[PDB]
file coords_21.pdb (PDB, C-alpha atoms)
ATOM      1  CA  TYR O   1     203.511 342.296  15.865  1.00  0.00           C
ATOM      2  CA  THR O   2     205.617 339.466  17.295  1.00  0.00           C
ATOM      3  CA  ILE O   3     206.118 335.986  15.842  1.00  0.00           C
ATOM      4  CA  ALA O   4     208.538 333.156  16.576  1.00  0.00           C
ATOM      5  CA  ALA O   5     208.431 329.779  14.832  1.00  0.00           C
ATOM      6  CA  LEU O   6     210.899 326.949  14.244  1.00  0.00           C
ATOM      7  CA  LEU O   7     210.504 323.958  11.919  1.00  0.00           C
ATOM      8  CA  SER O   8     213.026 321.174  11.279  1.00  0.00           C
ATOM      9  CA  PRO O   9     211.306 318.651   8.931  1.00  0.00           C
ATOM     10  CA  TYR O  10     213.482 315.658   8.004  1.00  0.00           C
ATOM     11  CA  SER O  11     212.931 312.926   5.416  1.00  0.00           C
TER      12      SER O  11
ATOM     13  CA  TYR W   1     207.216 312.960   2.142  1.00  0.00           C
ATOM     14  CA  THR W   2     208.110 315.777   4.538  1.00  0.00           C
ATOM     15  CA  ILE W   3     206.614 319.272   4.661  1.00  0.00           C
ATOM     16  CA  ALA W   4     206.662 322.115   7.182  1.00  0.00           C
ATOM     17  CA  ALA W   5     204.984 325.488   6.627  1.00  0.00           C
ATOM     18  CA  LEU W   6     203.847 328.338   8.870  1.00  0.00           C
ATOM     19  CA  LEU W   7     201.678 331.318   7.931  1.00  0.00           C
ATOM     20  CA  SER W   8     200.445 334.098  10.234  1.00  0.00           C
ATOM     21  CA  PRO W   9     198.633 336.641   7.981  1.00  0.00           C
ATOM     22  CA  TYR W  10     197.159 339.632   9.818  1.00  0.00           C
ATOM     23  CA  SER W  11     194.776 342.358   8.673  1.00  0.00           C
TER      24      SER W  11
ATOM     25  CA  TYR H   1     178.859 370.445   9.642  1.00  0.00           C
ATOM     26  CA  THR H   2     178.556 367.966   6.771  1.00  0.00           C
ATOM     27  CA  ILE H   3     180.472 364.716   6.330  1.00  0.00           C
ATOM     28  CA  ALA H   4     180.095 361.652   4.116  1.00  0.00           C
ATOM     29  CA  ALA H   5     182.514 358.714   4.110  1.00  0.00           C
ATOM     30  CA  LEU H   6     182.366 355.104   2.939  1.00  0.00           C
ATOM     31  CA  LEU H   7     184.862 352.321   3.648  1.00  0.00           C
ATOM     32  CA  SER H   8     184.617 348.668   2.588  1.00  0.00           C
ATOM     33  CA  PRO H   9     187.928 347.009   3.646  1.00  0.00           C
ATOM     34  CA  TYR H  10     188.188 343.303   2.816  1.00  0.00           C
ATOM     35  CA  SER H  11     190.690 340.660   3.890  1.00  0.00           C
TER      36      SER H  11
ATOM     37  CA  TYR P   1     185.164 342.363  -5.665  1.00  0.00           C
ATOM     38  CA  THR P   2     182.347 344.752  -6.594  1.00  0.00           C
ATOM     39  CA  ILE P   3     181.397 348.022  -4.895  1.00  0.00           C
ATOM     40  CA  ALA P   4     179.143 350.932  -5.824  1.00  0.00           C
ATOM     41  CA  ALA P   5     178.501 353.916  -3.554  1.00  0.00           C
ATOM     42  CA  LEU P   6     177.309 357.491  -4.051  1.00  0.00           C
ATOM     43  CA  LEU P   7     177.366 360.343  -1.527  1.00  0.00           C
ATOM     44  CA  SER P   8     176.227 363.940  -2.069  1.00  0.00           C
ATOM     45  CA  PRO P   9     176.572 365.713   1.332  1.00  0.00           C
ATOM     46  CA  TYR P  10     175.527 369.379   1.252  1.00  0.00           C
ATOM     47  CA  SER P  11     175.934 372.108   3.863  1.00  0.00           C
TER      48      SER P  11
ATOM     49  CA  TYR M   1     198.074 307.973 -15.373  1.00  0.00           C
ATOM     50  CA  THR M   2     195.293 310.405 -16.291  1.00  0.00           C
ATOM     51  CA  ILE M   3     194.343 313.631 -14.506  1.00  0.00           C
ATOM     52  CA  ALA M   4     192.116 316.566 -15.418  1.00  0.00           C
ATOM     53  CA  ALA M   5     191.438 319.502 -13.099  1.00  0.00           C
ATOM     54  CA  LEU M   6     190.271 323.093 -13.532  1.00  0.00           C
ATOM     55  CA  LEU M   7     190.268 325.880 -10.936  1.00  0.00           C
ATOM     56  CA  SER M   8     189.161 329.493 -11.420  1.00  0.00           C
ATOM     57  CA  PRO M   9     189.422 331.191  -7.972  1.00  0.00           C
ATOM     58  CA  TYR M  10     188.405 334.863  -7.980  1.00  0.00           C
ATOM     59  CA  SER M  11     188.736 337.521  -5.287  1.00  0.00           C
TER      60      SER M  11
ATOM     61  CA  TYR D   1     191.305 335.693   0.512  1.00  0.00           C
ATOM     62  CA  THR D   2     191.137 333.277  -2.423  1.00  0.00           C
ATOM     63  CA  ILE D   3     193.084 330.042  -2.869  1.00  0.00           C
ATOM     64  CA  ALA D   4     192.809 327.042  -5.183  1.00  0.00           C
ATOM     65  CA  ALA D   5     195.227 324.101  -5.170  1.00  0.00           C
ATOM     66  CA  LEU D   6     195.128 320.524  -6.451  1.00  0.00           C
ATOM     67  CA  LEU D   7     197.602 317.722  -5.731  1.00  0.00           C
ATOM     68  CA  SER D   8     197.409 314.097  -6.912  1.00  0.00           C
ATOM     69  CA  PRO D   9     200.680 312.429  -5.755  1.00  0.00           C
ATOM     70  CA  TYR D  10     200.983 308.739  -6.657  1.00  0.00           C
ATOM     71  CA  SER D  11     203.481 306.107  -5.522  1.00  0.00           C
TER      72      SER D  11
ATOM     73  CA  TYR R   1     172.416 376.921   3.471  1.00  0.00           C
ATOM     74  CA  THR R   2     169.548 379.267   2.606  1.00  0.00           C
ATOM     75  CA  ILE R   3     168.637 382.543   4.309  1.00  0.00           C
ATOM     76  CA  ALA R   4     166.318 385.412   3.415  1.00  0.00           C
ATOM     77  CA  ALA R   5     165.715 388.419   5.665  1.00  0.00           C
ATOM     78  CA  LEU R   6     164.459 391.970   5.170  1.00  0.00           C
ATOM     79  CA  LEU R   7     164.556 394.848   7.660  1.00  0.00           C
ATOM     80  CA  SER R   8     163.370 398.427   7.118  1.00  0.00           C
ATOM     81  CA  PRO R   9     163.788 400.249  10.485  1.00  0.00           C
ATOM     82  CA  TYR R  10     162.714 403.908  10.415  1.00  0.00           C
ATOM     83  CA  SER R  11     163.182 406.660  13.002  1.00  0.00           C
TER      84      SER R  11
ATOM     85  CA  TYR J   1     165.938 404.981  18.743  1.00  0.00           C
ATOM     86  CA  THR J   2     165.670 402.469  15.896  1.00  0.00           C
ATOM     87  CA  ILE J   3     167.677 399.269  15.439  1.00  0.00           C
ATOM     88  CA  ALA J   4     167.342 396.196  13.235  1.00  0.00           C
ATOM     89  CA  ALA J   5     169.821 393.307  13.206  1.00  0.00           C
ATOM     90  CA  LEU J   6     169.736 389.684  12.059  1.00  0.00           C
ATOM     91  CA  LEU J   7     172.304 386.961  12.743  1.00  0.00           C
ATOM     92  CA  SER J   8     172.129 383.300  11.688  1.00  0.00           C
ATOM     93  CA  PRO J   9     175.484 381.718  12.718  1.00  0.00           C
ATOM     94  CA  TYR J  10     175.812 378.012  11.913  1.00  0.00           C
ATOM     95  CA  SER J  11     178.399 375.434  12.959  1.00  0.00           C
TER      96      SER J  11
ATOM     97  CA  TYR F   1     194.626 347.448  11.867  1.00  0.00           C
ATOM     98  CA  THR F   2     195.559 350.233  14.281  1.00  0.00           C
ATOM     99  CA  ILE F   3     194.021 353.701  14.497  1.00  0.00           C
ATOM    100  CA  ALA F   4     194.083 356.514  17.047  1.00  0.00           C
ATOM    101  CA  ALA F   5     192.359 359.872  16.562  1.00  0.00           C
ATOM    102  CA  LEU F   6     191.251 362.691  18.858  1.00  0.00           C
ATOM    103  CA  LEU F   7     189.028 365.659  17.996  1.00  0.00           C
ATOM    104  CA  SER F   8     187.805 368.394  20.353  1.00  0.00           C
ATOM    105  CA  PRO F   9     185.927 370.944  18.165  1.00  0.00           C
ATOM    106  CA  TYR F  10     184.475 373.904  20.066  1.00  0.00           C
ATOM    107  CA  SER F  11     182.034 376.615  19.010  1.00  0.00           C
TER     108      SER F  11
ATOM    109  CA  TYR C   1     190.940 376.710  25.754  1.00  0.00           C
ATOM    110  CA  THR C   2     193.123 373.914  27.137  1.00  0.00           C
ATOM    111  CA  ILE C   3     193.622 370.416  25.722  1.00  0.00           C
ATOM    112  CA  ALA C   4     196.095 367.615  26.397  1.00  0.00           C
ATOM    113  CA  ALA C   5     195.958 364.221  24.688  1.00  0.00           C
ATOM    114  CA  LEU C   6     198.439 361.412  24.035  1.00  0.00           C
ATOM    115  CA  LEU C   7     198.004 358.401  21.748  1.00  0.00           C
ATOM    116  CA  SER C   8     200.531 355.631  21.060  1.00  0.00           C
ATOM    117  CA  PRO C   9     198.756 353.080  18.785  1.00  0.00           C
ATOM    118  CA  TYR C  10     200.946 350.106  17.832  1.00  0.00           C
ATOM    119  CA  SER C  11     200.365 347.342  15.294  1.00  0.00           C
TER     120      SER C  11
ATOM    121  CA  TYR N   1     181.942 381.808  22.089  1.00  0.00           C
ATOM    122  CA  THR N   2     182.962 384.663  24.387  1.00  0.00           C
ATOM    123  CA  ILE N   3     181.436 388.142  24.574  1.00  0.00           C
ATOM    124  CA  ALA N   4     181.616 391.023  27.043  1.00  0.00           C
ATOM    125  CA  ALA N   5     179.875 394.372  26.553  1.00  0.00           C
ATOM    126  CA  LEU N   6     178.876 397.249  28.825  1.00  0.00           C
ATOM    127  CA  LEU N   7     176.631 400.209  27.989  1.00  0.00           C
ATOM    128  CA  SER N   8     175.526 403.011  30.328  1.00  0.00           C
ATOM    129  CA  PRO N   9     173.560 405.501  28.146  1.00  0.00           C
ATOM    130  CA  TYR N  10     172.177 408.512  30.025  1.00  0.00           C
ATOM    131  CA  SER N  11     169.691 411.181  28.953  1.00  0.00           C
TER     132      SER N  11
ATOM    133  CA  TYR Y   1     178.928 411.381  35.613  1.00  0.00           C
ATOM    134  CA  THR Y   2     181.127 408.575  36.945  1.00  0.00           C
ATOM    135  CA  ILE Y   3     181.532 405.065  35.525  1.00  0.00           C
ATOM    136  CA  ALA Y   4     184.004 402.256  36.160  1.00  0.00           C
ATOM    137  CA  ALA Y   5     183.798 398.847  34.486  1.00  0.00           C
ATOM    138  CA  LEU Y   6     186.238 396.015  33.786  1.00  0.00           C
ATOM    139  CA  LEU Y   7     185.710 392.975  31.554  1.00  0.00           C
ATOM    140  CA  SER Y   8     188.197 390.188  30.811  1.00  0.00           C
ATOM    141  CA  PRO Y   9     186.341 387.616  28.627  1.00  0.00           C
ATOM    142  CA  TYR Y  10     188.475 384.618  27.627  1.00  0.00           C
ATOM    143  CA  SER Y  11     187.787 381.815  25.155  1.00  0.00           C
TER     144      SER Y  11
END

call {"tool": "encode", "arguments": {"input": "coords_21.pdb", "output": "structure tokens"}}
result
Amino acid sequence: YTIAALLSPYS
Amino acid sequence: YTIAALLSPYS
Amino acid sequence: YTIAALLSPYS
Amino acid sequence: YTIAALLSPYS
Amino acid sequence: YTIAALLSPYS
Amino acid sequence: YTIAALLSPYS
Amino acid sequence: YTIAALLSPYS
Amino acid sequence: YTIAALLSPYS
Amino acid sequence: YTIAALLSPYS
Amino acid sequence: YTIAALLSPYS
Amino acid sequence: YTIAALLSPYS
Amino acid sequence: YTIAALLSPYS
């Protein structure tokens, strides 16, 4: 399989 | 609040 | 020939 | 889960 | 505060 | 699948 | 399997 | 002549 | 899931 | 007999 | 299956 | 007598 995810949650 | 979540469950 | 197979895969 | 299976294959 | 919760999740 | 979650966030 | 055979060949 | 033969081949 | 099977039974 | 088969199953 | 037979009976 | 026979049975 192939997966690419980016998450930059700021407060 | 701040939340970031990713889930890619495969069978 | 003779064959008997059972499969109950759950997610 | 619950599973019940019986197989009596004869030649 | 007052909170009451019950959870019995079965597979 | 089986999931059970409870959240009561107060300010 | 099940087989039953009889042969009495005379000359 | 006299001949008697039986063959029951199964797969 | 992923499955690959080949069968060439001859008599 | 003659048989030729190729299988490249990926997940 | 494969079979080859030859018979030349003379009297 | 004279007899000539050839058989090449392949599977």

call {"tool": "resolve_selection", "arguments": {"input": "coords_21.pdb", "expression": "the PyMOL selection byres ((chain F and resi 9) around 12)", "output": "ChimeraX atom specification"}}
result
/H:1 /J:11 /F:6-8,10-11 /C:1-3

call {"tool": "atom_distance", "arguments": {"input": "coords_21.pdb", "atom1": "atom CA of residue Y:5", "atom2": "atom CA of residue J:5"}}
result
26.1 Å

call {"tool": "calpha_fit_and_write", "arguments": {"input": "coords_21.pdb", "fixed": "chain M", "moving": "chain O", "output": "compact mmCIF listing (two decimals) with C-alpha atoms, in the coordinates of the input"}}
result
# COMPACT_ATOMS: atom_id res chain seq x y z
CA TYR O 1 198.08 307.98 -15.35
CA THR O 2 195.30 310.40 -16.28
CA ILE O 3 194.34 313.63 -14.51
CA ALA O 4 192.12 316.57 -15.43
CA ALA O 5 191.43 319.50 -13.11
CA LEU O 6 190.26 323.09 -13.54
CA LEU O 7 190.26 325.88 -10.95
CA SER O 8 189.15 329.49 -11.43
CA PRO O 9 189.42 331.19 -7.98
CA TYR O 10 188.40 334.87 -7.97
CA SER O 11 188.77 337.51 -5.27

call {"tool": "axis_aligned_box", "arguments": {"input": "coords_21.pdb", "around": "chain C", "padding_each_side": "8 Å", "output": "lines of an AutoDock Vina configuration file"}}
result
center_x = 195.9
center_y = 362.0
center_z = 21.2
size_x = 26.0
size_y = 45.4
size_z = 27.8
